[PDB]
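Just one chain is shown here, as structure tokens, and it is the form deposited in one PDB entry.
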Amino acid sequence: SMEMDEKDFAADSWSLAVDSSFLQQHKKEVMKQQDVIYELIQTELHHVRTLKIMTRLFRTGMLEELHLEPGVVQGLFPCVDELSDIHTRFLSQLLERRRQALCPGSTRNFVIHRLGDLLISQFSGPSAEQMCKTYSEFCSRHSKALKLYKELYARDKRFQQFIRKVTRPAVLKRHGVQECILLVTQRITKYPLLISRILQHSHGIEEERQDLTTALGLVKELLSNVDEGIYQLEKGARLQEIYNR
């Protein structure tokens, strides 16, 4: 993550991120709504950071330092560039909505009143088709990636040294290869929880309540479609095992 965004999302909540004099100007219900929207954007910033660790630290490091067989890095990190493009674009839209909402003269005081429309756009049309296609592929290659990682770590000395070297810093404690893969897989199922709680505190404006209700429905449709398009790929599985599924 870049320093500007890390600092903007350093506080545990929206109520602790904004100036206390600004916080005192809002009703209790607005603070509760803003705290949950802040959690969505903060967790999205962290999710994009997890994808940057996978693409830049892991994937690119193995290409530039190791002599792995062709197709090995792609097997370890399936669809990482596509996942990074989907979420970096979504994070850019969320951060632009926050920035436009800042008070003049402030880099921290803002209120987001219209999140619903942004969530409808992300979870519909071509962007939803791309999210569905990408996660159906990624989640179906999860077991194969984990199994290829384990074999490499146990049999390749230079691979083991590379992993131990790049994961040694304390800031990578939660982000080894398998941990990044599971953080990404679980990201999509966090959206309904966050959206329902934002909706709970967004009844003040009826158009906003309606938009978040539509967004929640679209996110659930996407998850059901992804869940239905998953079948774990297995290295060396014979056709007979597959057509007898």
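Here the rigid core means the biggest group of C-alpha atoms that line up within 1.5 Å when the two forms are laid on top of each other. Note that residue numbering follows the sequence shown and begins at 1.
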inquiry  = Stretch 47-55 versus stretch 62-70: after rigid core alignment, which one is farther off in C-alpha RMS in 9 other deposited structures of this protein?
reply    = 62-70
ask   = Which has the higher mean CA temperature factor in the PDB entry, 176-184 or 55-63?
value = 55-63
remark   = Averaging the C-alpha temperature factors as deposited, the higher value of 66-74 versus 28-36 falls on 66-74
inquiry  = Per the entry's Cα B factor values, which of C139, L94, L119, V171 stands out as the maximum?
reply    = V171
request  = Taking the values exactly as deposited, rank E44 by C-alpha B-factor within its chain and report the matching third: lowest, middle or highest.
outcome  = lowest
message = For the chain shown, is the CA B-factor of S143 in the lowest, middle or highest third of its modelled residues?
response = highest
request  = Name the third of the chain's ranked CA B-factors that contains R197, choosing lowest, middle or highest.
outcome  = lowest
ask   = Split the chain's modelled residues into thirds by Cα B-factor; is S224 in the lowest, middle or highest one?
value = middle
note = Quick tally, chain-level thirds of C-alpha B-factors: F162 sits in the middle
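The following text describes the form deposited with a small molecule bound, which does not appear among the structures shown.
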query = Looking at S106, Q74, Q161, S92, which has any heavy atom no more than 4.5 Å from the small molecule in the entry with it bound?
reply = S106
